[PDB]
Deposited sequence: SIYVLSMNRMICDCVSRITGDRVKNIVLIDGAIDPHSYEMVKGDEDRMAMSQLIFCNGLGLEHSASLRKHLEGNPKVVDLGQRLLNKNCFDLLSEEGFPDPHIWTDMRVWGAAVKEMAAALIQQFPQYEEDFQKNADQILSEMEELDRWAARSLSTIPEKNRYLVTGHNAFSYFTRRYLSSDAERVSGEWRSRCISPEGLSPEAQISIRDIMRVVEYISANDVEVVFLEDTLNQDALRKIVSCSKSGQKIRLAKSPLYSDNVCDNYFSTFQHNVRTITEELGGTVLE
């Protein structure tokens, strides 16, 4: 009876695919809770204690004082974002001097993350190196196909509509990869393609200036739809919408920014379908 701990479901659902039945995977954070400000609850310390490996996002996602006590200096911790940064697997995004942790919306980056999960798991359990690797090979090639599917579907969004207004800044990596051109990527003008009244963390206070910023962006770019997120307070986007002159609506289905609906993979699919359809594209089969 062996236990491996993942901080959240975006990590846990990939770890569980590599290991299958040969281990018990537990997840610390799930459901409608903000991972950014998660504080450990009773029993969480014991979940870490009984586990063989603790898989973290890094990049400041586990930044609460509770988690920092238990994770900083812990030899069980696999810091997926730091390991990916250790190889320039991706270019870190930031906002006003804090790192952007939301790399799991970019399926190429999260594939690299899963590569580190598999390696880390295999390094801890050489006796499972072979089943682990087989399953890793499978999920990794499924994620590459998922990534191609997303890029192709999101490419059908008319360029005049490639402007993503969300609750907080959880889709910067998504936007840079899937909504922006090579020229916008190299220049950095890809950043014109997404905005949100809240920053990287839902915990920050949203001001009338943030409302106004997003309202002017909506009117400058003729954005017709904005996207609510599951578990994020909806007051700010609802105010932004009401403060229009000028057609503007809420997207039909919510996006999943910091959490998972059924599983991480179906959630990515749902997000891509939702964004593609509402911004005027056509989802590939």
Counting from 1 along the deposited sequence, the ranges with no C-alpha atoms are 246 to 247
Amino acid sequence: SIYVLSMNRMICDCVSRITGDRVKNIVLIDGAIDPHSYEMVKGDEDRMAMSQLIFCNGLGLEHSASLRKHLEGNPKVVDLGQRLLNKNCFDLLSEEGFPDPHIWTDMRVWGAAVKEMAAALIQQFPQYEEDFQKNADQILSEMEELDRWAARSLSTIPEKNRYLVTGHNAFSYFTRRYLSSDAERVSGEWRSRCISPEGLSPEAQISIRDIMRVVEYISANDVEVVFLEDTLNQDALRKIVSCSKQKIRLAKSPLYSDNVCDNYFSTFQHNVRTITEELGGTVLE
From here on, numbers count along this sequence of modelled residues.
As the entry reports it, the stretch among 272 to 280 and 8 to 16 with higher mean C-alpha B factor is 8 to 16
Stretch with higher mean Cα temperature factor, 202 to 210 vs 105 to 113, is 202 to 210
When the entry's CA B-factors for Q234, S219, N259, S64 are compared, the highest one belongs to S64
Top Cα B-factor in this entry, restricted to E144, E159, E130, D100, sits on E130
The third of the chain into which the C-alpha temperature factor of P197 falls is the lowest
Sorting the chain's modelled residues by C-alpha B-factor and splitting them into thirds places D34 in the middle
For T166, the third of its chain by CA B-factor is the lowest
Chain thirds by Cα B factor, record data; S153 belongs to the middle
Temperature factor at the Cα of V226, chain-ranked in thirds, falls in the lowest
